[PDB]
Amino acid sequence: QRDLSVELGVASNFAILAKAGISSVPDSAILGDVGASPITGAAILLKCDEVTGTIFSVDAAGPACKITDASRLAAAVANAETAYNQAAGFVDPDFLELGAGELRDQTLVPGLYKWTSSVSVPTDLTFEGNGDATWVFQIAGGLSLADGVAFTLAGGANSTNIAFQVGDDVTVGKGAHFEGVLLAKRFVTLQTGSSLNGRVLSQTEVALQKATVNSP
């Protein structure tokens, strides 16, 4: 019933945005632009061939394919932080402490979900709602997807309408599949063979291990 859309601004061109760096155990496959700011481009530890899109840097450091664009990066990072704060700021949750932070065999209707703990996803998780519906997760801890688990979209639910605001480190397990916009306050790890349809916008560092990120 409720409008929980999160404005990304210029961060909507980025598959991965970080403040403190990005690394990959190769080969990962990143479909979209990547960048970090305010850290030097030397902290982008990705091969040019892993990114189908542009690797941006705020400075003259980075690999030979990098494009220096301090203004575009700084805007994306600022927009990403505003997005995080927007997501965190929605009031009056529809769900509070669902599953006491464990989402086992769950199917979630659209709405605002809040936890004061970390959240773990030990099984596939289904989102059921139409193409206009929105979901926001407010997590005042970490987020973990167990190895192999998949976020499943039903009803017409779209990954551009799912946002996770996570106050501590995020771990996507080996071969797990994430859907949505990940607004991470801290570290994000995508373990061996994991995939994500959406974007990863971190206020610290992102680590990929032979992972796939497909941005809209």
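In this text, residue numbers run from 1 along the sequence as written.
Visitor: If you take the mean CA temperature factor per stretch, which one wins between 123-131 and 99-107?
Guide: 99-107 has the higher mean C-alpha B-factor.
Visitor: Mean CA B-factor: is it higher for 60-68 or for 167-175?
Guide: Comparing 60-68 with 167-175, the higher average CA B-factor belongs to 60-68.
Visitor: So if I compare the CA B-factors in the entry for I39, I30, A154, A150, which one is the largest?
Guide: Result of the comparison over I39, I30, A154, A150: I39.
Visitor: Tell me, please, which of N197, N13, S194, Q203 has the highest C-alpha B factor according to the deposited entry?
Guide: Comparing C-alpha B-factors across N197, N13, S194, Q203, the maximum falls on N13.
Visitor: Lowest, middle or highest third: which one holds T54 when the chain's residues are ordered by CA B-factor from the entry?
Guide: It belongs to the highest third of the chain when residues are ordered by C-alpha B-factor.
Visitor: Consider only the C-alpha atoms of the modelled residues in this chain, order them by B-factor as the entry records it, and name the third containing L73: lowest, middle or highest.
Guide: Middle third - that is where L73 ends up once the chain's C-alpha B-factors are sorted.
Visitor: Looking at the entry's B-factor column for C-alpha atoms only, identify whether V91 ranks in the lowest, middle or highest third of its chain.
Guide: Highest third.
Visitor: Compare the C-alpha B factor of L17 with those of the other modelled residues in its chain, then answer lowest, middle or highest third.
Guide: It belongs to the lowest third of the chain when residues are ordered by C-alpha B-factor.
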